[PDB]
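What follows is a short report on a single structure.
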Amino acid sequence: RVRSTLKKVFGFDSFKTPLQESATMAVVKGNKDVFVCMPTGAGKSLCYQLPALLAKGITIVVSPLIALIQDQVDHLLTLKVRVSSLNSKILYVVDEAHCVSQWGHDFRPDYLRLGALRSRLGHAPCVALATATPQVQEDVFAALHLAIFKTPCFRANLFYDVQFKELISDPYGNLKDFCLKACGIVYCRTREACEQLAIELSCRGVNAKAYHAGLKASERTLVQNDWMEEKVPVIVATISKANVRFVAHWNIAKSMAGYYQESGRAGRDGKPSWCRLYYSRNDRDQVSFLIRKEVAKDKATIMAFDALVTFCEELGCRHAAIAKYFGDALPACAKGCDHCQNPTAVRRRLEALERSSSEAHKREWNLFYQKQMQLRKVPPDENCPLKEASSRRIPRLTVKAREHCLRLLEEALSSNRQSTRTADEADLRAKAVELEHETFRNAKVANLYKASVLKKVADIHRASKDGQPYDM
Amino acid sequence: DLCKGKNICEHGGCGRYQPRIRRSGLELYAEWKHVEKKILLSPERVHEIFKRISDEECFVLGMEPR
DNA sequence: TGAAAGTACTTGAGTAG
Ligand SMILES: Nc1ncnc2c1ncn2[C@@H]1O[C@H](COP(=O)(O)OP(=O)(O)O)[C@@H](O)[C@H]1O
């Protein structure tokens, strides 16, 4: 029943995107894992629920988003499908490839269970379903470790363009005008993502409704259903229509594929949806701070964010850059990209940004130093003569460094023995242990430890030169 | 001080917005941001605005009606 | 050439799935 299932069973089979038919075949033929990556609205429910209807057993789906799981279950119930929501024939395939990825801003999971169920039914369809990007794609090929159904020219329904806030006198007014010359869903950075931006837009006469973590679930469902029937044209969301006149980002997204996913929820039919990106250097540094303190509390995150930064600052087509990022061939796309519509305008804008890049003083200098230095960034073997050698009270003080300082102290003690006739080496071992431990407890940073041991060895040399024995 | 930060008329009806009043010498201006843009607030207009304020709404402003 | 200090006002501004 690769195609004999038809729309009559659930709702679907019409070869939505002709390889959509093969999307069933890619599962029907059992071609291991097929990298299904298509623009939103592609009927992936046909791709990975038809085998769920046709599996000899179960086809457990990894759709973390419980609300998403329940919505899928009920929408398929409207299509008469034996699917059950286990969230909180089908029990609710490695679905939601962004769930196992931090780039799709969905790497917020827990154990296996559903994943464990999938590993149990590996004989049953093992599918992976908009993350086919060498960084992200190989992350799926490594972290998840599975044909690429990535769209050949991604999507030409978005008029990608980048406008810099520094160049614009009134970024709020500029985004209001851009929305005017175009429903709409807008994302941005944290620190009350919705509230302030939505208030400013509403003051601009463009009713923007907030969707934040602190908002009530009743508010969430009200704004969602209002946005469904065009009651509220503009909805602001943090990370949470076939028209979607604007998906502009006031601030940069958390991850490159995160930005792709947040801008990829437009044009269900394929109608143009503009889509614009606003970039700020201060925003770049702030998010660099955030990601660095996140990874501190891993290098792929900073590498991909730098890739995003250079993508927003490169002289070339945005679709070409995403092909470099998503691994596709040359897009060869017509007008609809900022460099495609006007290379000169993009080059002039980047040049203008480069030219315009340049108690309050305390915090200003602190932020400057942090932003300008951030971008610039073993147990004792057998017989180490150190007291509590397995300690790290002094940062970046390697045990080999401790051994070297101890050897400097030990040759100092040997010279003191040759000059003052100390007892022997057997108790000199314990004496060196005590001296090094005292120097350890009297210093905090590594340089301070080196300075203190240098001062102590200078004092030992002074005592040896004086001729008196090195007393306590 | 409490009422300056509200640019939107919530409470009661009149869901419309409130302009920014800027004084240039002897002239007032209602610089409507985007909801034309600048209108020289005529004193007859402010007279019409003020004549509608209820007694409660002016006594709370400190101005006794009588 | 060679007034100046306290209180206004007047603006833009400002953390998660
Ligand atoms: N093969 C098809 N032919 C015609 N309409 C379809 C087809 N497949 C899906 N549709 C409709 O498109 C909707 C999209 O479902 P979904 O699987 O969530 O899309 P997406 O690929 O973006 O995940 C479905 O609810 C379905 O009703």
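Ligands are numbered from 1 in the order shown, chains are lettered A, B, ... in the order of the structure tokens, and residues start at 1 in each chain.
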So which bits of chain B end up helix (DSSP H, G or I) when you DSSP the backbone, as a PyMOL selection string?
chain B and resi 43-51+55-59
Using only C-alpha atoms (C1' of nucleotides) and all ligand atoms, determine which residues fall within 8 Å of ligand 1, then list them as a PyMOL selection string.
chain A and resi 7+11-17+20-21+38-47+72+75+268
Using only C-alpha atoms (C1' of nucleotides), I'd like every residue of chain A that has an atom within 10 Å of chain C; please write them out as an NGL selection string.
:A and (65 or 105-108 or 189-193 or 196 or 212-213 or 238-240 or 290)
Closest atom pairs, chain A residues within 12 Å of chain B, only C-alpha atoms, as CSV:
```
residue,atom,partner,partner_atom,distance
A:170,CA,B:33,CA,11.5
A:172,CA,B:34,CA,10.9
A:173,CA,B:34,CA,8.6
A:174,CA,B:34,CA,11.7
A:176,CA,B:34,CA,9.0
A:177,CA,B:34,CA,9.9
A:180,CA,B:34,CA,11.3
A:199,CA,B:8,CA,9.5
A:200,CA,B:7,CA,9.9
A:201,CA,B:34,CA,9.7
A:202,CA,B:8,CA,8.9
A:203,CA,B:7,CA,7.1
A:204,CA,B:34,CA,5.0
A:205,CA,B:35,CA,5.0
A:206,CA,B:35,CA,8.7
A:207,CA,B:35,CA,11.0
```
Export N, CA, C and O atoms of the chosen residues as a PDB file, in the first residue's frame?
```pdb
ATOM      1  N   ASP A 170      15.688  55.098  12.829  1.00  0.00           N
ATOM      2  CA  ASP A 170      14.565  54.606  13.627  1.00  0.00           C
ATOM      3  C   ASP A 170      14.305  53.149  13.270  1.00  0.00           C
ATOM      4  O   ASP A 170      13.464  52.845  12.413  1.00  0.00           O
ATOM      5  N   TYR A 172      12.723  50.866  14.928  1.00  0.00           N
ATOM      6  CA  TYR A 172      11.313  50.570  15.156  1.00  0.00           C
ATOM      7  C   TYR A 172      10.459  51.077  14.001  1.00  0.00           C
ATOM      8  O   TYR A 172       9.602  50.356  13.479  1.00  0.00           O
ATOM      9  N   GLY A 173      10.691  52.320  13.582  1.00  0.00           N
ATOM     10  CA  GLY A 173       9.958  52.852  12.447  1.00  0.00           C
ATOM     11  C   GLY A 173      10.265  52.107  11.165  1.00  0.00           C
ATOM     12  O   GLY A 173       9.379  51.886  10.337  1.00  0.00           O
ATOM     13  N   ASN A 174      11.524  51.706  10.984  1.00  0.00           N
ATOM     14  CA  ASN A 174      11.888  50.968   9.781  1.00  0.00           C
ATOM     15  C   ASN A 174      11.172  49.627   9.719  1.00  0.00           C
ATOM     16  O   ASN A 174      10.655  49.241   8.664  1.00  0.00           O
ATOM     17  N   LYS A 176       8.374  48.886  11.270  1.00  0.00           N
ATOM     18  CA  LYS A 176       6.962  49.184  11.067  1.00  0.00           C
ATOM     19  C   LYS A 176       6.665  49.420   9.593  1.00  0.00           C
ATOM     20  O   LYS A 176       5.677  48.904   9.059  1.00  0.00           O
ATOM     21  N   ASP A 177       7.518  50.190   8.917  1.00  0.00           N
ATOM     22  CA  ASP A 177       7.323  50.435   7.492  1.00  0.00           C
ATOM     23  C   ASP A 177       7.464  49.150   6.687  1.00  0.00           C
ATOM     24  O   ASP A 177       6.685  48.900   5.761  1.00  0.00           O
ATOM     25  N   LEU A 180       4.457  47.343   6.947  1.00  0.00           N
ATOM     26  CA  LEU A 180       3.442  48.027   6.152  1.00  0.00           C
ATOM     27  C   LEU A 180       3.559  47.672   4.675  1.00  0.00           C
ATOM     28  O   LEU A 180       2.547  47.432   4.006  1.00  0.00           O
ATOM     29  N   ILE A 199       4.871  46.169  22.527  1.00  0.00           N
ATOM     30  CA  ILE A 199       4.367  47.463  22.978  1.00  0.00           C
ATOM     31  C   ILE A 199       4.790  48.565  22.016  1.00  0.00           C
ATOM     32  O   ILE A 199       3.989  49.436  21.658  1.00  0.00           O
ATOM     33  N   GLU A 200       6.051  48.544  21.578  1.00  0.00           N
ATOM     34  CA  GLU A 200       6.520  49.560  20.639  1.00  0.00           C
ATOM     35  C   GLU A 200       5.775  49.470  19.310  1.00  0.00           C
ATOM     36  O   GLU A 200       5.355  50.491  18.750  1.00  0.00           O
ATOM     37  N   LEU A 201       5.591  48.254  18.794  1.00  0.00           N
ATOM     38  CA  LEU A 201       4.874  48.077  17.535  1.00  0.00           C
ATOM     39  C   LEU A 201       3.429  48.538  17.659  1.00  0.00           C
ATOM     40  O   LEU A 201       2.881  49.165  16.746  1.00  0.00           O
ATOM     41  N   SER A 202       2.790  48.223  18.786  1.00  0.00           N
ATOM     42  CA  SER A 202       1.413  48.645  19.004  1.00  0.00           C
ATOM     43  C   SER A 202       1.317  50.160  19.114  1.00  0.00           C
ATOM     44  O   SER A 202       0.354  50.767  18.630  1.00  0.00           O
ATOM     45  N   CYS A 203       2.310  50.791  19.747  1.00  0.00           N
ATOM     46  CA  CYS A 203       2.380  52.247  19.732  1.00  0.00           C
ATOM     47  C   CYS A 203       2.583  52.774  18.320  1.00  0.00           C
ATOM     48  O   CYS A 203       2.166  53.895  18.007  1.00  0.00           O
ATOM     49  N   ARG A 204       3.224  51.986  17.460  1.00  0.00           N
ATOM     50  CA  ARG A 204       3.372  52.315  16.049  1.00  0.00           C
ATOM     51  C   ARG A 204       2.113  52.032  15.240  1.00  0.00           C
ATOM     52  O   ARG A 204       2.159  52.099  14.007  1.00  0.00           O
ATOM     53  N   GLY A 205       1.000  51.715  15.898  1.00  0.00           N
ATOM     54  CA  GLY A 205      -0.237  51.434  15.203  1.00  0.00           C
ATOM     55  C   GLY A 205      -0.363  50.030  14.663  1.00  0.00           C
ATOM     56  O   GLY A 205      -1.371  49.721  14.017  1.00  0.00           O
ATOM     57  N   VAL A 206       0.622  49.173  14.903  1.00  0.00           N
ATOM     58  CA  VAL A 206       0.610  47.800  14.405  1.00  0.00           C
ATOM     59  C   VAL A 206       0.409  46.909  15.626  1.00  0.00           C
ATOM     60  O   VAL A 206       1.327  46.677  16.414  1.00  0.00           O
ATOM     61  N   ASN A 207      -0.812  46.400  15.781  1.00  0.00           N
ATOM     62  CA  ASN A 207      -1.168  45.582  16.932  1.00  0.00           C
ATOM     63  C   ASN A 207      -0.337  44.309  16.983  1.00  0.00           C
ATOM     64  O   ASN A 207      -0.502  43.417  16.146  1.00  0.00           O
TER      65      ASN A 207
END
```
Which residues of chain B are close to chain C, meaning at most 12 Å apart when you count only C-alpha atoms (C1' of nucleotides), and how do they look as a PyMOL selection string?
chain B and resi 20-23
Grab the residues selected above and save them as a compact mmCIF listing (two decimals), in the first residue's frame with C-alpha atoms.
```txt
# COMPACT_ATOMS: atom_id res chain seq x y z
CA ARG B 20 3.36 63.24 22.63
CA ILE B 21 2.88 66.93 23.43
CA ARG B 22 5.94 69.07 22.75
CA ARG B 23 6.08 72.79 23.51
```
Near-residue 323 in chain A list (10 Å; only C-alpha atoms (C1' of nucleotides); drop same-chain fewer than 6 positions) as number ranges by chain:
A: 133-134, 152-154, 317, 329-331
Residues of the last selection are to be written out with N, CA, C and O atoms, as a PDB file, in the first residue's frame.
```pdb
ATOM      1  N   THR A 133      21.902  20.422   7.132  1.00  0.00           N
ATOM      2  CA  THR A 133      22.967  21.404   6.946  1.00  0.00           C
ATOM      3  C   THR A 133      24.249  20.798   7.496  1.00  0.00           C
ATOM      4  O   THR A 133      24.276  20.389   8.668  1.00  0.00           O
ATOM      5  N   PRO A 134      25.332  20.733   6.685  1.00  0.00           N
ATOM      6  CA  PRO A 134      26.553  20.011   7.078  1.00  0.00           C
ATOM      7  C   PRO A 134      26.896  20.057   8.558  1.00  0.00           C
ATOM      8  O   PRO A 134      27.134  19.008   9.160  1.00  0.00           O
ATOM      9  N   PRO A 152      15.912  21.335  -3.315  1.00  0.00           N
ATOM     10  CA  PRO A 152      17.081  21.663  -4.155  1.00  0.00           C
ATOM     11  C   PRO A 152      17.475  23.132  -4.146  1.00  0.00           C
ATOM     12  O   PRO A 152      18.673  23.442  -4.120  1.00  0.00           O
ATOM     13  N   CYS A 153      16.509  24.045  -4.157  1.00  0.00           N
ATOM     14  CA  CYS A 153      16.778  25.480  -4.109  1.00  0.00           C
ATOM     15  C   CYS A 153      16.160  26.075  -2.856  1.00  0.00           C
ATOM     16  O   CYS A 153      15.684  27.212  -2.838  1.00  0.00           O
ATOM     17  N   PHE A 154      16.185  25.289  -1.776  1.00  0.00           N
ATOM     18  CA  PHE A 154      15.616  25.666  -0.487  1.00  0.00           C
ATOM     19  C   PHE A 154      14.206  26.207  -0.668  1.00  0.00           C
ATOM     20  O   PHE A 154      13.252  25.439  -0.823  1.00  0.00           O
ATOM     21  N   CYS A 317      24.996  36.202  -1.970  1.00  0.00           N
ATOM     22  CA  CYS A 317      23.587  35.854  -1.870  1.00  0.00           C
ATOM     23  C   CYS A 317      23.305  35.088  -0.584  1.00  0.00           C
ATOM     24  O   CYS A 317      24.075  34.210  -0.183  1.00  0.00           O
ATOM     25  N   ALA A 329      23.760  22.645  -3.759  1.00  0.00           N
ATOM     26  CA  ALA A 329      24.561  23.180  -4.849  1.00  0.00           C
ATOM     27  C   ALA A 329      24.290  24.678  -4.977  1.00  0.00           C
ATOM     28  O   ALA A 329      23.644  25.292  -4.123  1.00  0.00           O
ATOM     29  N   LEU A 330      24.792  25.288  -6.043  1.00  0.00           N
ATOM     30  CA  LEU A 330      24.539  26.703  -6.258  1.00  0.00           C
ATOM     31  C   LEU A 330      23.042  26.932  -6.449  1.00  0.00           C
ATOM     32  O   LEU A 330      22.420  26.290  -7.305  1.00  0.00           O
ATOM     33  N   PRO A 331      22.428  27.818  -5.660  1.00  0.00           N
ATOM     34  CA  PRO A 331      20.976  28.023  -5.795  1.00  0.00           C
ATOM     35  C   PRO A 331      20.560  28.510  -7.170  1.00  0.00           C
ATOM     36  O   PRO A 331      19.503  28.104  -7.668  1.00  0.00           O
TER      37      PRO A 331
END
```
Using only C-alpha atoms (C1' of nucleotides), determine which residues lie at most 7 Å from residue 37 in chain A, disregarding the query and same-chain residues fewer than 6 positions distant; provide the list as a short mmCIF file (atom, residue, chain, number, x, y, z; two decimals) with N, CA and C atoms, in the first residue's frame.
```
data_model
loop_
_atom_site.label_atom_id
_atom_site.label_comp_id
_atom_site.auth_asym_id
_atom_site.auth_seq_id
_atom_site.Cartn_x
_atom_site.Cartn_y
_atom_site.Cartn_z
N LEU A 129 13.16 13.09 10.16
CA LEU A 129 12.55 14.27 9.54
C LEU A 129 12.87 15.53 10.33
N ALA A 130 14.32 19.66 8.10
CA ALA A 130 14.78 21.00 7.77
C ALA A 130 16.13 21.29 8.41
N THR A 131 16.84 20.23 8.80
CA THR A 131 18.12 20.34 9.47
C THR A 131 19.27 19.78 8.64
N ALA A 132 19.04 19.52 7.35
CA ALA A 132 20.08 18.95 6.50
C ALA A 132 21.12 20.00 6.14
N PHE A 149 16.31 14.62 1.56
CA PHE A 149 15.22 15.27 0.83
C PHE A 149 15.26 16.76 0.94
N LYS A 150 16.43 17.33 1.21
CA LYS A 150 16.58 18.77 1.27
C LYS A 150 16.12 19.39 -0.04
N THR A 151 15.32 20.44 0.04
CA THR A 151 14.78 21.10 -1.14
C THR A 151 15.92 21.62 -2.01
#
```
What's the 10 Å shell around residue 181 in chain A, counting only C-alpha atoms (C1' of nucleotides), without same-chain residues fewer than 6 positions away, as a list in words?
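Non-adjacent residues within range: residues 175, 245, 246 and 274 of chain A.
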Range 39-42 of chain B environment, 6 Å, only C-alpha atoms (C1' of nucleotides), sequence neighbours closer than 5 positions dropped, as a ChimeraX atom specification
/B:28-30
Output as a PDB file with N, CA and C atoms, in the first residue's frame all residues of range 5-41 of chain B that backbone DSSP marks as strand (DSSP E).
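Done, and the output landed in states-v1.pdb:
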```pdb
ATOM      1  N   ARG B  20       2.358  62.581  21.812  1.00  0.00           N
ATOM      2  CA  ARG B  20       3.362  63.243  22.626  1.00  0.00           C
ATOM      3  C   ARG B  20       3.238  64.745  22.408  1.00  0.00           C
ATOM      4  N   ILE B  21       3.044  65.487  23.493  1.00  0.00           N
ATOM      5  CA  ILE B  21       2.884  66.933  23.430  1.00  0.00           C
ATOM      6  C   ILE B  21       4.246  67.568  23.638  1.00  0.00           C
ATOM      7  N   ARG B  22       4.676  68.361  22.674  1.00  0.00           N
ATOM      8  CA  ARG B  22       5.942  69.070  22.749  1.00  0.00           C
ATOM      9  C   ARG B  22       5.667  70.559  22.635  1.00  0.00           C
ATOM     10  N   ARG B  23       6.307  71.351  23.481  1.00  0.00           N
ATOM     11  CA  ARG B  23       6.082  72.786  23.512  1.00  0.00           C
ATOM     12  C   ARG B  23       7.221  73.489  22.796  1.00  0.00           C
ATOM     13  N   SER B  24       6.884  74.279  21.785  1.00  0.00           N
ATOM     14  CA  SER B  24       7.847  75.121  21.092  1.00  0.00           C
ATOM     15  C   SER B  24       7.394  76.556  21.325  1.00  0.00           C
ATOM     16  N   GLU B  27       3.630  77.487  21.294  1.00  0.00           N
ATOM     17  CA  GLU B  27       2.846  76.543  20.513  1.00  0.00           C
ATOM     18  C   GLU B  27       2.968  75.152  21.113  1.00  0.00           C
ATOM     19  N   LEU B  28       1.876  74.404  21.100  1.00  0.00           N
ATOM     20  CA  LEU B  28       1.893  72.997  21.463  1.00  0.00           C
ATOM     21  C   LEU B  28       1.831  72.163  20.192  1.00  0.00           C
ATOM     22  N   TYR B  29       2.478  71.001  20.203  1.00  0.00           N
ATOM     23  CA  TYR B  29       2.458  70.083  19.073  1.00  0.00           C
ATOM     24  C   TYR B  29       2.119  68.681  19.558  1.00  0.00           C
ATOM     25  N   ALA B  30       1.188  68.027  18.869  1.00  0.00           N
ATOM     26  CA  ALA B  30       0.794  66.655  19.181  1.00  0.00           C
ATOM     27  C   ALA B  30       1.458  65.742  18.159  1.00  0.00           C
ATOM     28  N   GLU B  31       2.696  65.342  18.451  1.00  0.00           N
ATOM     29  CA  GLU B  31       3.496  64.533  17.533  1.00  0.00           C
ATOM     30  C   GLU B  31       3.001  63.094  17.582  1.00  0.00           C
ATOM     31  N   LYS B  38       2.607  65.345  12.837  1.00  0.00           N
ATOM     32  CA  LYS B  38       2.698  66.521  13.690  1.00  0.00           C
ATOM     33  C   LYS B  38       1.511  67.422  13.406  1.00  0.00           C
ATOM     34  N   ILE B  39       0.779  67.782  14.452  1.00  0.00           N
ATOM     35  CA  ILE B  39      -0.339  68.710  14.357  1.00  0.00           C
ATOM     36  C   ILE B  39      -0.150  69.783  15.419  1.00  0.00           C
ATOM     37  N   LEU B  40      -0.177  71.040  14.995  1.00  0.00           N
ATOM     38  CA  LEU B  40      -0.072  72.161  15.919  1.00  0.00           C
ATOM     39  C   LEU B  40      -1.347  72.235  16.741  1.00  0.00           C
ATOM     40  N   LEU B  41      -1.258  71.822  17.997  1.00  0.00           N
ATOM     41  CA  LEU B  41      -2.416  71.724  18.874  1.00  0.00           C
ATOM     42  C   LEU B  41      -2.988  73.116  19.080  1.00  0.00           C
TER      43      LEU B  41
END
```
Please provide the set of residues having any atom within 8 Å of residue 64 in chain B, restricted to only C-alpha atoms (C1' of nucleotides), with same-chain residues fewer than 4 positions apart removed, written as a list in words.
residues 55, 58 and 59 of chain B
